[PDB]
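# Quick check, what structure comes out for this input:
(one chain, ligands or ions: 2)
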Amino acid sequence: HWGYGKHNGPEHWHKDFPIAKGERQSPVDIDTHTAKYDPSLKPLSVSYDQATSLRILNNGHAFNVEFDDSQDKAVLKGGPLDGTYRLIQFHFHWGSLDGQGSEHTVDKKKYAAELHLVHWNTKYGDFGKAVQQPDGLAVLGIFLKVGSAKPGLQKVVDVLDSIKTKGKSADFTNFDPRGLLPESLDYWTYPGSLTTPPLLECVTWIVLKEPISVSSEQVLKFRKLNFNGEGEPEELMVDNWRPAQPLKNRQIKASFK
Ligand SMILES: Oc1ccc(O)cc1
Ligand SMILES: [Zn+2]
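Numbering: from 1, shown residues only. Ligands and ions are numbered 1, 2, ... in the order given. The relevant structure is shown in the block below.
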């Protein structure tokens with residue numbers, strides 16, 4: 001199936017998913033000088049106090065921390081968003097080397113990794129019907145740079161040994177995603193897509209300007225995971241990022257002056 005190698009990576013995905021060459025694909029380069037402050041944006045509200053994590057899973061493309069989204073518990077609202085979006089999962093994209101790994105770039109700068117907190121619009125009832133809508137999803141994207149350890153990441157790093165290969169999962173209750181957020185919620189926003197197949201164009205992206213710092217040791221542990229399943233030849237899970245796609249007829253709006 002699709003992946004990130006020479007033979008099945010991003011430059012191939014359009015064959016099975018022609019929306020790969022669509023009009024509002026993600027990620028994009030954020031040209032900070034061209035992004036315009038939008039005084040029409042309402043304050044962003046990240047409300048993660050009642051978040052209920054359940055499980056961590058290696059899906060062969062990344063690992064996902066999954067949440068109970070059967071009720072309004074961890075939600076995103078405000079900023080560009082109309083109504084309430086429920087957190088369903090987070091995951092990361094990262095590099096084989098510290099100089100690459102993010103999907104969005106900032107004035108062509110690649111960070112070492114990028115976190116995506118995926119939310120769906122509760123007007124649509126569940127995630128599967130939300131991905132049939134042009135405003136079905138909101139993804140909060142957060143850059144990681146290598147520097148000081150992030151203490152609120154270490155519970156994720158420590159469980160990775162238990163989900164090394166594709167299809168492995170573990171319990172992952174009581175994890176507080178507030179520990180992954182930077183101090184500032186200044187952001188850029190634009191309409192885009194899932195960055196993995198099926199590449200659906202449902203996503204309001206909200207990309208925070210402030211990166212979080214993680215340690216070299218933390219990111220090295222991400223790079224020990226495997227794309228393959230248990231008892232298949234080992235292929236390190238690295239460079240699981242899609243490069244920037246054409247901006248087309250879109251404008252990137254800033255939340256800050
Ligand atoms: O459900 C989603 C998964 C990945 C994305 O990049 C966006 C939404
Ligand atoms: Zn992602």
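
# show me the contacts for residue 190.
Listed by C-beta atoms under 8 Å, 6 or more residues apart in numbering, the contact partners of residue 190 are 28, 205, 250, 251, 252, 253. Backbone N, C-alpha and C define where each C-beta goes, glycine included.

# Compare these and tell me which is most surrounded.
residue 205 (26 neighbours; other C-beta atoms under 10 Å).

# Among the contacts of residue 190, which one sits closest to residue 38?
Distance to residue 38, by C-beta to C-beta, is smallest for residue 253 among these, at 4.0 Å.

# Skip the chain neighbours and tell me the closest residue to that closest one.
Counting by C-beta to C-beta, 6 or more residues apart in numbering, the nearest residue to residue 253 once its immediate chain neighbours are dropped is residue 38, at 4.0 Å.

# show me what contacts the most centrally placed residue in the chain?
Computing the C-alpha centroid of the chain and ranking residues by C-alpha atoms, centre = their mean puts residue 116 first, at 1.9 Å. When contacts are counted by C-beta under 8 Å, 6+ apart, residue 116 touches 90, 91, 92, 93, 139, 140, 141, 195.

# list the contacts for the residue nearest to residue 253?
253, 254, 255.

# And those residues, which is closest to residue 109?
Set against residue 109, the nearest of those by C-beta to C-beta is residue 254 (16.4 Å).

# shouldn't that closest one be in contact with residue 188?
Yes. With contacts counted by C-beta atoms under 8 Å, residue 254 reaches residue 188, the gap being 5.6 Å.

# Check the contact lists of those two and give me the overlap.
In terms of C-beta under 8 Å, 6+ apart, residue 254 and residue 188 are both contacted by the residues residue 35.

# Show me which of those two is the more surrounded one.
residue 188 (23 against 17).

# Specify the beta-bridge partners of that one.
Residues found in beta-bridge contact with residue 188 (criterion: DSSP bridges) are residue 207, residue 254.

# quick one: it and residue 210 touch, right?
No. In this structure, residue 188 sits apart from residue 210 without contact. The criterion is C-beta under 8 Å, and the distance is 11.6 Å.

# sec struct for the residue nearest to residue 23 when sequence neighbours are not counted, please.
Closest residue to residue 23 apart from its sequence neighbours, by C-beta to C-beta, 6+ apart: residue 248 at 5.2 Å. With DSSP: H, G, I helix; E, B strand; the rest coil as the basis, residue 248 sits in coil.

# What separation is there between residue 248 and residue 28?
9 Å (C-beta to C-beta, to the nearest Å).

# Please apply the same query to residue 91.
In this structure, residue 91 and residue 28 are separated by 19 Å, where distance is defined by C-beta to C-beta.

# quick revisit: just send the contacts of residue 38 back as JSON lines, with distance to residue 8 too.
Shown next, in JSON lines, are the contacts of residue 38 (distance: C-beta to C-beta, whole Å):
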{"residue": "253", "distance to residue 8": "35"}
{"residue": "254", "distance to residue 8": "36"}
{"residue": "255", "distance to residue 8": "37"}
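
# out of the residues you listed, who's nearest ligand 1?
Minimum separation from ligand 1 among the contacts of residue 38 (C-beta to the nearest ligand atom) is found for residue 253, which lies at 18.8 Å.
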